[PDB]
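Novice: missing the sequence, but the structure's below:
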């Protein structure tokens, strides 16, 4: 580990230079030493605040929420420094952490970060209030596993289908949960109760994972199938025929 | 007149965006027009926007590309913008800047008029009495338009408001009570429109033969913005002349005034003014006043003007400044309903929320027919109640329905199927609209028609 | 609005 | 076919009418060209130089 | 509780406006259903 | 019914097309001959310019007009080469008038190294010493100017008034 | 002449003693000679927007005025190539430098200056002929499919003086001379065209031939024409190569103005491997396309320039006589770039902080597409299509970008309020989704398909119907049920394309026809009344559960593997199954 430290007591202006040093060093280790590195940035909001200081001092034209215009370019500079290259080994995987003012998804900083990075993993206070150690709201999350987790040569073939079906069922579960607060439990059909039960067991088993638990991908796929088994086969609107007949029985 | 030679400047203080700063200018006038010679010889024009001391400011319509500091030159006509005018402009199509887009030549100037104009004398105003047939059943029957009533047509993007405008242009005319249609013309002016739906205006107007009594203006979306500012005022000046200097009624239509608002914002940004509400300039209200209320009847004359602009709704924001102000300055309004457009009804005009302010005097015994007001009131009530009955049957179920409500449902469905539907190439005189309305009314017994006095039922219902 | 007016006023210098 | 013949007749008539307009027009030209040219040539002579009214010393 | 927790934006205005219109329509319909049911009740009482 | 109305409206479309063509023919005839009249006016002016006894007076007058238009300390004038004798005389006549009109002094010069193209019908060009301001008081420019402004008068005198015009103001 | 730099402020550069330059004349800056374009003039001072990071620039360094404004080289070899926004031949530079780093290489000819080309002059030209120029005088033979041609630059017309014979040339050798004026002129196989101008045309013609895509939403309820103007809320992009594969197009242009770096390497990687194979002979798509490349970190000026050079190439291939389909990854990035530059210049912004003339610039971006009679002796036609993209920000429906685009484009598709199903790209909002080509495609479809009109109107009606009811339902009648589950079935199977899968790589017309026809028939055979025609919804469900599973699994009929006859026979068999099931009730 090579590590850097900018503490709250330090002068604010240093945060402008702090992350670029780490990125340059990581770039060197990745494209030169052919080492597979993992760069962890945190608290980019403080970077935004420092940039706000610099701009406001110079009386430059401000924009949305007093943020200067050009941090879109600046964040582009700080973000994309990653990915492999031809004829070389090693790589750069970049997981930054962004704190979120209040609960504003439309705030400028997270929004602009959304336009640059190819994914996002969301954290919700609701799950944290429900005592879930990884409180991760899967509905707004999204990534470009879009052709990485194929299954042909990768882990297993069913990956996308099970993921999609869980996603859709979870969405409908949230929907019926919302409908539940409107009308009492008696008005629900059997399928609605099935969706509610599937939802409940889903956060109780799939999402709720203990610290230090190293689940394997096959294990999680099997857990997913066990969750699928709650419904009969005819509600598997998304899984193709072949996989459905292969695994459901 | 200008008996002096024009001036030619070579001084160019600098360039900044779509503006040009000059120096050593002798007695510059505020709104005088200028021409520019380029290094390659290309010609251009602009208007003087800001003047102070010997410094002057000029905005360029064609865009400030390639202008140098020594090779370019300037010219001063020493006069604000003036336009020619004459009766013979009918049958001609222009681009708004006075240049005829048609293959024809430049029109001769019977007279020259100041583009800005001057306001009306309130004492000379006269309450409109007559009305204008529109060729749409809903517009003529549900509502009406006096000779001097100003009504906008609210719509939204993706709705066929251009097509309603085109049909109005094709069908416009005065009702023959039994001094001809030669006393009726139209001035259609479209602003900031797509290339498509613009050549469409040209072709649809040319095929039918409407060119005899239409003066057309086209301003493309890609044109200079100041042309967009100028154009509607030019068309209103032409209508003014043709309607007041010559004894003729006229019906001016304007399309996509939101683009005019956008160009107003453009010029406001050019002159460095602080935006007001929602970014629109704070003096938008005065401007929209100046554009409107150039119509009506006056003492000692016979000509008239009737104004029908088209507005686009920014995502159904009824509190958006543009529609709100236009409502505050206009009488009544007409809506276009999206659900009808989904239902594939060629005229998507809605009925319940619309309203005409001056309908009470635009019709009467001296006009087409005595019955019309009662018919309109009765069918208005019937349509509203029928919509409510459809809402009932949505929940209660037809099994708990009465015969009267069944007749109301019949009235609703047949109204939608027949009356409101018009067709792109169908014509209906007002008498036919009244007759169809009576056909609709006939379904109920005479007693169920509470709103109509027994007299009218005695004459007409049999 | 306030921020824009401030910068506009400062633009004079 | 009758309409085609009518179109031919109408084209002939309209061309004739436009022609008649033209000869009446050039007749007016012959009548008034001398006087319009006279007044124009008069108008392009007198100068009466005049400083700007606003100018001062 | 006094307010539905949503961050202010123009989208919020449009969505809340739609929900409000919906609430009025649903209220109006349920009122009408109640009227009909009362009528049937009274009709039973009459005989 | 359908066939009959289709035939009738098609005939009407053809009629309207013919009327449109007629209108365009009339308009282009109008403008062809007004162009010709302007050409004739130009020829008459090019004839008039030759007479020296009035040309000298007109030259004095237009030079003084340019004087009153420019109003700067340093000015120069340009003209045709064979008109050089007259223009200097015009200048000496002009100076006292400007001196009594503006109560300012001006240095005036004559361009003896460059002069107007042979094709120009007449008139002069005035510049500053720096040659940044100039007024093009040429005969052709003034002819065009007078042609444009007087144009409604030309139409009224050449066609007669429009009967539809119930009043001028 | 040389001036001296006077100041640096980010990507702006204030220089002195540059009096006499136009505000779009290019300039070289510093000893590295970075490319620049003027913005503002003031006295002798000038303002220069650069196309490169300004680090290490010292005040006073020389600046070299160049006589031309920004321009784009044209000629053969354009097809099967990749450039950046300023027309940078990255392949050549990567070969030349043997490094993954881009130096400040500002001296690299965009087109190869060494590869020879097979010139075949037209037969009709004659020496000394007074044709007064024109457009065509040649054909280049160096392409299997895209028969490149050599045309005459516009605004240059005159009589033949010398013509080269057929043979190989390096594209700088003069092959045509037109003096015509006492001054001799020479022409090469490559010309130069200013980027910001508009190439003139003879006449703008209409668009009636339809454009058919691989998406069910667009083909179904939002028809698009060949050469028309469209906007796509890309939040998919596979449609581009789908059109290259299937649509009747010739030249494909894609501009990644602001694409994320990973996905741009993705396109660059996967794109060249696709194969086309009309006549049974496999041919790569790379020959019938050309790419523009811009990650998100590049200087703002390049992002501005990319979107224009794309259209310039599109108009070149419009004059080339073919048909072109162009699409831009995201206009919103271009708008953001315009915001950035405008704020940098210290001007007065408009609503939302966007510069006012955003709308005018977007209009200029459009109005450069459609069918057209071209300028030339061999009177011929060409087309350009434009498919812009909209990225809905947090203000999905109120940002000025969507407003301005909404006021121009002819066909618009939008997504609804952001659903919890974030992966639900095929959403449609009826509030702002529309198409104005419904009338123009009637005369095409009356002789191919006439059944889909009532079906489409019914689909719109039913979609409207649950749109109206879902509000109350959140807060019943049998018809309400039938309609609701029918609409959900439509939304889940007819819509909700994954896009990436063997079962949605492309959906031809017949598959859509079968899907929607069967769905609407299933709706009709129950909606009529309580009975089969003029029980409850649950008994229908329990009887026809298997049938409903078949309705949902209709989408799994791969066209690439299963022949069309098998799939339509299957649809008909399942239709008979529905008929039997309903008649037994």
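Specialist: Yep, that arrived. Numbering: from 1, shown residues only, chains lettered A, B, ... in the order given.
Novice: look at residue G:130 and give its secondary structure.
Specialist: coil (DSSP: H, G, I helix; E, B strand; the rest coil).
Novice: now do the helices in chain F.
Specialist: F:2-48, F:52-70, F:84-102, F:139-149, F:151-159 (DSSP state H).
Novice: by how many degrees do the first one and helix F:139-149 diverge?
Specialist: Helix F:2-48 and helix F:139-149 are oriented at 140 degrees to each other (axes from the mean of the first three to the mean of the last three Cα atoms, to 10 degrees).
Novice: likewise for the last one?
Specialist: Here helix F:151-159 runs at an angle of 70 degrees relative to helix F:139-149 (the same axes, to 10 degrees).
Novice: packing partners for helix F:151-159?
Specialist: Here helix F:151-159 touches helix D:2-43, going by 3 or more Cβ pairs under 8 Å, 6 or more residues apart in numbering or on different chains; DSSP states H and E. Every residue, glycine included, has its C-beta placed from N, CA and C.
Novice: what's the answer for the second one, then?
Specialist: Using 3+ Cβ pairs under 8 Å, 6+ apart, the elements in contact with helix F:52-70 are strand F:74-78, helix F:84-102, strand F:123-128, strand F:133-138.
Novice: winner for burial among those?
Specialist: Neighbour counts (mean count of other Cβ atoms under 10 Å in any protein chain shown) averaged over each of the helices and strands packed on helix F:52-70 peak at strand F:123-128, with a mean of 21.
Novice: which SS state does the residue nearest the centre of chain E fall under?
Specialist: For chain E, residue E:27 is the residue whose C-alpha lies nearest the centre (Cα atoms, centre = their mean; 2.3 Å). When classified by three-state DSSP, residue E:27 comes out as helix.
Novice: how close does it get to residue F:53?
Specialist: 100 Å (Cβ to Cβ, to the nearest Å).
Novice: export the helices and strands packed on helix F:52-70 as a markdown table, with columns for distance to chain G.
Specialist: Output for these, formatted as a markdown table (distance: least, Cβ to the nearest Cβ, whole Å):
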| stretch | distance to chain G |
| --- | --- |
| strand F:74-78 | 23 |
| helix F:84-102 | 32 |
| strand F:123-128 | 19 |
| strand F:133-138 | 19 |
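Novice: what's the closest of these to chain C?
Specialist: Nearest to chain C, of all these, is strand F:133-138, at 30.7 Å by Cβ to the nearest Cβ.
Novice: quick one: strands adjacent to that closest one?
Specialist: Looking at strand F:133-138 with DSSP bridges, its partner strands are strand B:7-9 (antiparallel), strand F:123-128 (antiparallel).
Novice: mind checking if the helix or strand following the shortest one is in reach of chain A?
Specialist: The one in question is strand B:7-9. Of the helices and strands lying after strand B:7-9 in sequence (DSSP states H and E), the nearest is strand B:14-16. No - using Cβ under 8 Å from any Cβ of the partner chain, we find that strand B:14-16 stays clear of chain A, coming within 15.8 Å at best.
Novice: out of the helices of chain F, which gets nearest to residue G:277?
Specialist: helix F:2-48 (48.4 Å; Cβ to Cβ).
Novice: just give me the neighbour total for residue 6.
Specialist: Since no chain was named, I'll use chain A. If you count neighbours by other Cβ atoms under 10 Å in any protein chain shown, residue A:6 ends up with 17.
Novice: meant chain G, my bad for not saying
Specialist: Applying other Cβ under 10 Å, we find 16 other residues in the vicinity of residue G:6.
Novice: give the contact list for the closest residue to residue D:32 other than its chain neighbours.
Specialist: Once flanking residues are discounted, residue D:32 sits nearest to residue F:158: 5.3 Å by Cβ to Cβ, 6 or more residues apart in numbering or on different chains. Shown in contact with residue F:158 (Cβ atoms under 8 Å, 6 or more residues apart in numbering or on different chains): D:28, D:29, D:32, D:36.
Novice: I'd like to know which of those residues are buried.
Specialist: D:32, D:36 (16 or more other Cβ atoms under 10 Å in any protein chain shown).
Novice: just give me the residue closest to the centre of chain A.
Specialist: Most central in chain A (Cα atoms, centre = their mean) works out to residue A:121, at 1.4 Å.
Novice: now do the SS call for residue G:154.
Specialist: Quick answer, by three-state DSSP: residue G:154 is coil.
Novice: next SSE downstream of the strand or helix carrying residue G:359?
Specialist: Assigning secondary structure by DSSP H and E places residue G:359 in helix G:358-365. Once helix G:358-365 ends, the next helix or strand along the chain (criterion: DSSP H and E) is strand G:372-373.
Novice: which parts of the helix or strand just after that next one are buried?
Specialist: Using DSSP H and E, the helix or strand that follows strand G:372-373 towards the C-terminus is strand G:381-389. The neighbour-count check on strand G:381-389 (16+ other Cβ under 10 Å) flags G:382, G:383, G:384, G:385, G:386, G:387, G:388, G:389 as buried.
Novice: thinking again about what came up before, can you tell me how far the residue nearest to residue D:32 sits from chain B?
Specialist: Residue F:158 is 10 Å from chain B, where distance means Cβ to the nearest Cβ, to the nearest Å.
Novice: mind checking how far that residue is from residue B:108?
Specialist: In terms of Cβ to Cβ, residue F:158 sits 10 Å off from residue B:108.
Novice: with residue G:211 instead?
Specialist: From residue G:211 to residue B:108 the distance is 47 Å (Cβ to Cβ).
Novice: against residue E:21, how distant is the nearest residue to residue F:141 once chain neighbours are set aside?
Specialist: Spatial nearest neighbour of residue F:141, excluding adjacent residues (Cβ to Cβ, 6+ apart): residue B:5 at 6.7 Å. Here the criterion is Cβ to Cβ. By it, residue B:5 lies 68 Å from residue E:21.
Novice: same check, this time on residue E:41
Specialist: Distance from residue E:41 to residue E:21, by Cβ to Cβ: 31 Å.
Novice: what's the neighbour count on residue G:364?
Specialist: Residue G:364 - counted by other Cβ under 10 Å - has 17 other residues nearby.
Novice: in contact with residue G:133, which residues?
Specialist: If you count contacts by Cβ under 8 Å, 6+ apart, then residue G:133 has G:152, G:156, G:157, G:158, G:159, G:178 around it.
Novice: now the closest residue in space to the last one that isn't next to it in sequence: how far from residue A:75?
Specialist: So that's residue G:178. Leaving aside its chain neighbours, residue G:178 sits nearest to residue G:158 (3.5 Å; criterion: Cβ to Cβ, 6+ apart). Distance of residue G:158 to residue A:75, computed by Cβ to Cβ: 54 Å.
Novice: which of the two has more neighbours?
Specialist: Per other Cβ under 10 Å, whichever of residue G:158 and residue A:75 has more neighbours is residue A:75, with 22 against 18.
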